[PDB]
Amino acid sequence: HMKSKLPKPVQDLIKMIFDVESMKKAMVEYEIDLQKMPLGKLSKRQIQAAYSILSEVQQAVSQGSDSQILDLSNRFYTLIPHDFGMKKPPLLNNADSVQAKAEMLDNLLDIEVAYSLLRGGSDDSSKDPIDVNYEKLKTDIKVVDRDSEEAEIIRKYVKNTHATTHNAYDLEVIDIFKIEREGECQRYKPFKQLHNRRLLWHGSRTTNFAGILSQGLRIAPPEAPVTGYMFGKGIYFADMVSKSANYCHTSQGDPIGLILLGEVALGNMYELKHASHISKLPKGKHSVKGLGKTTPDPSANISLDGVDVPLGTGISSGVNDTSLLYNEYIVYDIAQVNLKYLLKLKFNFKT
């Protein structure tokens, strides 16, 4: 083949996110049986069907015994086979179970998209498969220069917003990519001048990034249980890098992760202290802010291409009886997110 004239970092990005073995590895981490539910046998309607049964489990848990729950729990395991052998699998009878499986299904939707792109489209031996897979993302990915202004700001945002309670690792920025999804700037146009636009973090496991770069950050579908997510079905961001970096789910066995920086149009924020499982905001509100006990210093905010970057060091917010140690930002319209950068991070685990 031609050998590919993209930068080496962009080639390694494409290798990482289209890695089939990482997709398999992600599935067994959620206790899925690859023999009964292999990667190729995944589909949207079966994930959607499992979402609906989980919504039924949600309903039973909220209204109260193990007798009726058993049938709903077994229906779920029928749709998504789990690795338990000749089993009697664990009962899905609480909010934690709903949250845990809601997380699994989110990942399986994004894993399905990555695999469908891979096994879809054309096959040409003369082209480098790195270039072929790059084109499937519909996203212009450029390496950001390390001497540039935007690179310094991004490194400082990483450097200043690593929380003390997440100190079991630290982060090395390996690569900084400037990203532009096709048609997203067009989709963002109604929100481009809205007040309270902030550059915020979104972390996810590497196996979801083919989906995120192809489709954008999406909201969980109608079938998904709203009670599976703390502030319901939206797109969640943080202003602390380590809070988002935790959701990469890296480890000593897999220490390289990927994290996004997105321009999020927050507008009038519906500020909340505890769980509120909602599908729509109250009239007038553009987003939810989960109020953190700790927040970046407001006086240290810096502008990057018109957008605020809350890169101040963590200080006390003066918010008392809150569920959250750090800030949390949720939008419920996909059009309010314009993805700006993608960082490849090395996690150095001190423990």
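C-alpha atoms forming the largest set that superposes within 1.5 Å between two forms make up the rigid core. We number the residues from 1 along the sequence you see.
**Student:** Root mean square C-alpha distance from this form after a core fit in 5 other deposited structures of this protein: higher for 96-104 or for 109-117?
**Tutor:** Result of the core-fitted comparison in 5 other deposited structures of this protein: 96-104 deviates more.
**Student:** Could you say which moves further from this form in 5 other deposited structures of this protein, stretch 219-227 or stretch 239-247, by root mean square CA distance after aligning on the core?
**Tutor:** Output: 219-227, the stretch lying farther off on average in 5 other deposited structures of this protein.
**Student:** From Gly64 to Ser65, how many deposited residues does the entry skip: none, 1 to 3, 4 to 9, or 10 or more?
**Tutor:** Unmodelled stretch: 1 to 3 residues, a short break.
**Student:** Report the stretch with the higher mean CA temperature factor, choosing between 295-303 and 23-31 on the basis of the entry.
**Tutor:** Mean B over CA atoms: larger for 295-303.
**Student:** Take the C-alpha B-factors listed in the entry for 258-266 and for 146-154, compute each mean, and give the stretch with the larger one.
**Tutor:** Comparing averages over the C-alpha atoms only gives 146-154.
**Student:** Going by the CA temperature factor in the entry, name the top one among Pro225, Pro129, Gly203, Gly234.
**Tutor:** Result of the comparison over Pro225, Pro129, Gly203, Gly234: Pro129.
**Student:** Could you say which of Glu112, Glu271, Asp175, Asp71 has its CA atom at the highest B factor, as listed in the PDB entry?
**Tutor:** That would be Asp71.
**Student:** Consider only the C-alpha atoms of the modelled residues in this chain, order them by B-factor as the entry records it, and name the third containing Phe84: lowest, middle or highest.
**Tutor:** Its C-alpha B-factor, which the entry lists for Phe84, ranks in the highest third among residues of this chain.
**Student:** Among all modelled residues of this chain, ranked by Cα B factor, put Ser116 in the bottom, middle or top third, i.e. lowest, middle or highest.
**Tutor:** CA B-factor rank for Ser116: middle third.
**Student:** Which third, lowest, middle or highest, does the CA B-factor of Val319 fall in along this chain?
**Tutor:** According to the entry, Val319 has a C-alpha B-factor in the chain's highest third.
**Student:** Would you mind checking where the Cα B-factor of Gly290 ranks among the modelled residues of its chain, as the lowest, middle or highest third?
**Tutor:** It belongs to the lowest third of the chain when residues are ordered by C-alpha B-factor.
**Student:** State the tercile, meaning the lowest, middle or highest third, of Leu311 with respect to the CA B-factors recorded for its chain.
**Tutor:** Middle third - that is where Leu311 ends up once the chain's C-alpha B-factors are sorted.
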